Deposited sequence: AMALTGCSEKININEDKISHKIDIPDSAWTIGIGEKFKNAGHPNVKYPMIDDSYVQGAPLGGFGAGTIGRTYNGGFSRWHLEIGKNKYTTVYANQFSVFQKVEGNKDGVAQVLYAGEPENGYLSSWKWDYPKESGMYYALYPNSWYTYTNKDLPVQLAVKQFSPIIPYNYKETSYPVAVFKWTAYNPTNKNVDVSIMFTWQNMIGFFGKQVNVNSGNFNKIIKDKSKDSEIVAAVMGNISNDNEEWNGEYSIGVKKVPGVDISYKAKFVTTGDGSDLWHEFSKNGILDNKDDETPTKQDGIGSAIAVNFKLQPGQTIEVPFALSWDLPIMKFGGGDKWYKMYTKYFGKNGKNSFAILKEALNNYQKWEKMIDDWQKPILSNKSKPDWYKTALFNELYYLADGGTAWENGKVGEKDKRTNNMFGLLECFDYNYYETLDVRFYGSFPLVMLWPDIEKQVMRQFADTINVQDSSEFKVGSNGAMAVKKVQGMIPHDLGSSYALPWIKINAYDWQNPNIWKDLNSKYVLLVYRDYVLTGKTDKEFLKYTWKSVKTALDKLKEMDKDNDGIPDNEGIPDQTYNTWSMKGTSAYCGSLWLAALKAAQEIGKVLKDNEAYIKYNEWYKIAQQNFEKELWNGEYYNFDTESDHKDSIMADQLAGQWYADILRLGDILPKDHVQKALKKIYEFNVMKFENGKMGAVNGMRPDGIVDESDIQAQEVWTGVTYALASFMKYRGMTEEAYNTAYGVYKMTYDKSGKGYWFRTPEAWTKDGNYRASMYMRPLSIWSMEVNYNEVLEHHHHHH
C-alpha cells in the first residue's frame, strides 16, 4: 500500500478489507419476519430527503432507499467503477470491475468480475468513505474518496441527491502505465414506482459542457415521458476534465445482455467509442459509461473527480400523497435537472470537502478522545440520511414557509417520528441541524389538540380506541405506507393516547431545543407553550391514587412497549419530574406566573413521593406495583439525564443519582457478558438478568449511549466510555456482530438483534453536549 500516503484518511475511519468475509454476523432474534440484509453494507450517499444509495464495502450499489421510506437491498450490477491498466511495452493491458463479486445470472458476463481478496480496503467516516486498490496485477495504485455534502447548519447542499467520487492514481513503478477509470450506470428510471413496462421510453444522452478551464462530460439517463410522477426523473453520471486526462464515453449499452458492447472497447485500450445514441428502449435495460484515460509516469500522481446525481423530484407514500423533495427548492421540480446537480458537484466538490473537514476537525483534533469513539460518533450519523428521511417542498398540485421533515423509527416498524424514540435519537438534529429539529417539534405542537374520534382496533388486546385524543401527543406522524404528516398515530399495536412518556418527553424535547440552541429562541417557546401546558395537564389526569405522579397501568404504556410498568415507575416518574421542572422554567421565561406556581406545586409533591416510593438505599426501584418491582433498570433515571442536559439541576439527590449510576454500571453493564456489550435493560438484585420480558433481557443501543452520556456528565468518565465501548464493539469491531451502517435497536446476550437500521442509537451525540 503506497496510495494511502497520497490521500488523507482519518485514523478513526472504520475499516474492512474489500471482499472480506465476516464470520461472526448476527441475525434477527424475533419469531416474526425481520429485515436482515447481511453485513455487506457501507456508508450511504445522498442528502437528507433525497433518497439514498448504499454502496457497500465490496463496491456494489446495493442498499436502495430511493423510494422514500423503503429499504430495497439488491445489487444493480451495471453500476460500477472499472479500471484498465497497460504497462508501456506490453502487448495487452488488464481490465477489472472494482466489485468483489459477480452477477447471479448471465447479464454482463463479459465483464471481469470478482475483484480479488487482500487487494484493497474500504474506509468510512461518515459522510466520507474511501476505497483503496492495492493489487499485484494493477501496477498503478488507486484510491477514491466518495461523499455527499452533509454539512451541519447547512440546509441546502445537505439536501442534494448527489455524490462525488474523487479518484487519486499513483505510479510507484519504474515504467509508464496507461490507466483508465470507467463509471458505468444503469438507466434506473422504472426501478421503482412504475407498475408496467419498466424500461419503456428510457433513453440516454451525452452532455458536453465546455467553457474556459472547464470541461464536463456527462450522461443523462431519463425517459421520453414529461409526466410528473414518483417514477420519472433522471440519473446522471459524469466527469470533469483535468490536465493530462482524456475523456471517452458510451451513451448506450445494454444492461440486460452480456455487456460486451461496452466491455470489448474498455478491455482493449481503456477507451470507449464516443457513440451517442438517443434511441429510447422498449424492453431492454440500458446504461451509460463515462471513462478517463491517462498515462502515469514513474512517481506521478493524478486526481480526477466523477459524480453521480439523481433528479427524482416526487415522493409518493402508500396512502396516495405525492410531495416534492427538498432539493427541488434549489434545482426545480420538473425532473429534468440531473445535469445541473451534477455540474454543481463537479465544480464545487473541493469546497464541500473543506466544509466537511471544518465540521469534523474539532472532534478529530481532540486527542483526549479515543479513535473508537470518533468512529461511532460520525458513522452513527449515517441514519439521518438512511432512515427513510422525508423532507418536503410542497404537495404535488397544491406554497408554505416551512418544509416538513420526518425520520423513520426503522424499516421493520415503518413509523415517522416516533417521539418516544426521538427523545433519544434526535440529538444530532438539535446539535447540528437545529432548524430541522425545531420544525419537527412545531409539527408535534400542532397536533396537540387534534381530535380524531374515528376508531381503530388495538392490535395487542383487540379493543377499539379513538385514533387521536385532544391533549395527548401522538406516538408518531404516520407511516410511509400511509400518509406522513397527515394521518398521525399509524402505530396501532397499542393505544398511544394512554402512553405515559409521550407527553413528558414532548415537553423535555421542547425545553432541550431551547437550551441547546443558546436559550435565545423565545419565539419557539411561545409557539409551543400552549401545547406544553396542555400536555402536562392531561398527563396529570392519569394519576389514579393522588400521589401527584401519573400511574403506569400494568400493561405496556411507554417506549418499552412489551415491558409493563405499574403504579409509579422510575422511568415515567423521573421523566414527569423533569418535565414539570422544565415547564416551570419556561413559565419563568414567558412570565406565566400561574403556570410557574402550578407546576412548581406539582413538582414538589411528585418529587417527595417519587423518592419515598422508589428510593431503596442503593438505586430507584423499577416501579411500585410490578412482580419484579425491585429490578435495576438501566434507564431508571432518564428524567435526571435530561435534567442535566437542560441545566435544570438536581431533580433527585446527587448522592442517590451517583449510587444508582454506579449500581447500573456494576450490574446492568459489568454482570452482563463482562461489560462488553452495553447495558442490559433489567437486572435482578441478585445479579441475574430480569426474565419477566424480552425487553428486560435486551441491550438497547440508544439507551446505552444515552446512559453513557449521563455517566459522563456525572464525572463517571471511565464507566461512561466503557459502557459505550460495548455498543461500538458489537456494531463495528471484528469481534462484534457486523451491524455497521445498520445499528439495531437491540441485541440479546447471544449478540443477535432486533430491528436493524434504528433511530435510537443517534443518541451517541448526547455524549458531545
{"item": "Deposited-sequence ranges lacking C-alpha coordinates, in sequence order", "value": "1-15, 414-415, 787-799"}
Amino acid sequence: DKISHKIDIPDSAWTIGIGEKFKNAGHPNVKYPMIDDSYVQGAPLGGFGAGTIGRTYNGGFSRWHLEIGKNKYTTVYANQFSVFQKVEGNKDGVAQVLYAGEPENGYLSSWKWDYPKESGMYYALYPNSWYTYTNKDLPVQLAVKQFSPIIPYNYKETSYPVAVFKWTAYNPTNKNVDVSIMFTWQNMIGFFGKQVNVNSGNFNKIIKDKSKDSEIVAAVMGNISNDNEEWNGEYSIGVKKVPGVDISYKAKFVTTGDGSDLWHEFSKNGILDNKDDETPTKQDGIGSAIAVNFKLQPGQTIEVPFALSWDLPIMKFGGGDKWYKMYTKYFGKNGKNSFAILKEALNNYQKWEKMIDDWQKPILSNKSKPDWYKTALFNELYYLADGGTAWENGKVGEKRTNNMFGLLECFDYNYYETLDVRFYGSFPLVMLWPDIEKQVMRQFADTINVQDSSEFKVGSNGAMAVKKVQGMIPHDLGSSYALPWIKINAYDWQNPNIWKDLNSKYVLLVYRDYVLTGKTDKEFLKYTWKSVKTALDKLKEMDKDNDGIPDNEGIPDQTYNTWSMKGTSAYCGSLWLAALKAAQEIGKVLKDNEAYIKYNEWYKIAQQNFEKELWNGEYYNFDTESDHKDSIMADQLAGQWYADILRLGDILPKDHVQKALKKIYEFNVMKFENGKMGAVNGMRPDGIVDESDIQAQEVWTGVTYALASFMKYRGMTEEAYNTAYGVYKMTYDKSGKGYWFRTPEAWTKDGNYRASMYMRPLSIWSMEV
From here on, numbers count along this sequence of modelled residues.
{"property": "Residue range whose averaged C-alpha B-factor is higher in the record, 93-101 or 628-636", "result": "628-636"}
{"property": "Segment of higher mean CA temperature factor, 347-355 or 585-593", "result": "585-593"}
{"property": "Highest-ranked of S148, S479, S460, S338 once sorted by CA temperature factor in the record", "result": "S460"}
{"property": "Residue of maximum C-alpha B factor among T375, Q186, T520, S236, per deposited coordinates", "result": "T520"}
{"property": "Entry-reported Cα temperature factor of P362, expressed as the chain third it lands in", "result": "highest"}
{"property": "Chain-relative CA temperature factor third for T256", "result": "middle"}
{"property": "Third assignment of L575 from its chain's C-alpha B-factors", "result": "middle"}
{"property": "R442 CA temperature factor, ranked by third within the chain", "result": "middle"}
{"property": "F84, C-alpha B-factor rank within chain (lowest, middle or highest third)", "result": "middle"}
